[PDB]
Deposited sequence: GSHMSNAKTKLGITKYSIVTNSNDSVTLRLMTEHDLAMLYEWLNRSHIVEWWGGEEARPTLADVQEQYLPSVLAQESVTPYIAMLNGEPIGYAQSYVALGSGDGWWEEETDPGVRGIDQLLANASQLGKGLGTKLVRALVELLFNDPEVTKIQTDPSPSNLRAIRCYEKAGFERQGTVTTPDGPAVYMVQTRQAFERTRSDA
């Protein structure tokens, strides 16, 4: 059914810790953080100082994944140094359950996150940066309305820079 987003809290950290150690996640995210790693890195107030907002994806009253949005400009640590536009938001996300992968749930999560961010009238464009090897994530982002721009170097290595502008989001709301 319907994928929604709520803010992540401190109460979600043990669950997030478990998720980040599942093999389908460890593969693409990180790696293998301890409980204390997750607690000190993903505490919502700690993420705040990075301009990162954490969310839990919800489906039929159950938590099914983690997402984050961030302000690209001024990200620090070598991140997004050529950005000039404070309206740009980036996203990252994962699905908690291996049994639920490749069933279009990720596309729904991404669509829900993109709609959320464009409801901040200050947001001009959403970016994402899946690794070149992560073809499944790239295809998920494409189905969700993102377009591949090219390869950029990040502190996590080269990435496929993908974007969806507000104008593209407006134009793809109706077929009128």
- Task: Numbering from 1, run down the deposited sequence and write out every stretch that has no C-alpha in the structure.
- Result: 1 to 23, 54 to 56
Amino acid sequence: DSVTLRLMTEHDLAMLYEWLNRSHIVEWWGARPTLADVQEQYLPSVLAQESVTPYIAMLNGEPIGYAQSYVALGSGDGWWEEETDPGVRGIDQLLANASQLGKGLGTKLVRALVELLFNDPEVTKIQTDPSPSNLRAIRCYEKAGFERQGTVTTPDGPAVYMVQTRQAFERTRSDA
From here on, numbers count along this sequence of modelled residues.
- Stretch with higher mean Cα temperature factor, 39 to 47 vs 24 to 32, is 24 to 32
- Item | Entry-level comparison of average CA B-factors, 146 to 154 and 64 to 72, reporting the higher stretch | 146 to 154
- Item | Record-listed C-alpha B factor of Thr84: chain third | middle
- For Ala57, the third of its chain into which the C-alpha B factor falls: middle
- Query: Is the Cα B-factor recorded for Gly78 in the lowest, middle or highest third of its chain?
  - Reply: highest
- Item | Third of chain Cα B-factors occupied by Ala98 | highest
- Query: Thinking about Cα B factors across the chain, which third does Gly90 belong to?
  - Reply: lowest
